[PDB]
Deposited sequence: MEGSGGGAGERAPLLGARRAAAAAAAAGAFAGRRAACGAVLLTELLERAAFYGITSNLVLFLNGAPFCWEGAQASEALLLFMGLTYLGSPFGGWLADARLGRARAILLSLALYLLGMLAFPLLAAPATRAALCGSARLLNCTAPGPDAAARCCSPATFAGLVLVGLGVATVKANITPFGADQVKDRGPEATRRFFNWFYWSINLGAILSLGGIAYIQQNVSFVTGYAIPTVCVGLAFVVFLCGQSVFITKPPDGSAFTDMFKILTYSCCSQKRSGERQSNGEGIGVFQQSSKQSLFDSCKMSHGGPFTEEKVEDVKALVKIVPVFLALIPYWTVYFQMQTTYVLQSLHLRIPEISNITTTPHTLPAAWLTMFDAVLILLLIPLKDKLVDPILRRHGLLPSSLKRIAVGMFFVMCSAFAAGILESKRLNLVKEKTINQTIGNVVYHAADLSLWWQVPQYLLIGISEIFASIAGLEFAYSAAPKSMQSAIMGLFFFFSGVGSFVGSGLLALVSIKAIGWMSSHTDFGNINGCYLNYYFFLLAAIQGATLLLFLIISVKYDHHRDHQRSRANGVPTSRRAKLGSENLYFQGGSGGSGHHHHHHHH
């Protein structure tokens, strides 16, 4: 039809770029504890946390760069090129032949990580408005159908990534398991460039973030006859009202982003089931599959909550408010952190006496004789926390904000999620110093047995609990 081709191109680019991002995040921890990189578990977790935090901090900046200048389609194109350039560094590092030419060489992998983070951030910020204005003209129902397709594309890309790419990286090889995400980024860039002919490109109107920055840099508030209009001032006031909810959600984002950086690290030191029983170097169950499981869990209860729980509660009343749902989600993620700490304490008690070796990936881990499935609850808890906090958070942020601040509220949501990831990385670094010594050692290849992830998880749970009590107090006082 000449228009559904543009929507299909947007969906394909979205699927490929989510697939590559999740392929990187699923086994970056395993890769950084590898032959080229004999990093500590704390260092690998910090690197992955910083990477995710960058991917979510660049969303407001990517959106501003797309809206104030450079357009949106061209911004996504340059972001995809930058993202592919960053992706290229990973298979080269994995391959022994090319790692020598590239380079230990921590600067190379840090450059690749920051490049990939900027690309993912800009694409994440700009793709959703791009798809919307691709489909806005037909009508709100067409937009709803396209966004159903977009949601399914995102989830499908994440699922296929966390399954296939993680299995290939952990079991088959890291070179192929990192070239496949690079290949899919290449195809995403190619398909976006090809669909540039059929895309509906809008001129840069100007992001609301520059207006907010001008308001904060003053000429309540000033408003009226001064050099600023009333609606922008009211909108910035609404954003300021929204901000404390995200400030409260920051520790939730820390503990949530722990699911793929330190939870995978703890998985590497549990008895991972072996699912091949055939051929040399028998394949083990990918540590990222748990995350995939959790994602699958979301797919099985996002519609349920949208079709069974929410309508029944709406009919019967007693439906919790957005703030109450956020509090429930923070309680659930606190429970996940506490369960992770309990499991890690039991793991450290067990591994002190006996151990089992696990040559998962390409490095041998002194895992405890504890089943990996004992880590299933905490992961599931985080998933529940998601459907109770993240959505609700944004939902509340959408309730107390005007329609004009669409994609500016969402940008702030991503920014504060990235801030939570950065806070988690900084907390891990702080507890890794000699004064505290929870993660202070010289144990290469991760080898968390000498560290204390139980103390780190307990600290995260305590911070989440303090934040939850403060949130409950302020919600009761205000509402």
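Visitor: Can you list the gaps, in order, where the deposited sequence has no modelled residues?
Guide: Missing C-alpha atoms (numbering from 1) occur across the ranges 1-30, 134-151, 268-298, 559-602.
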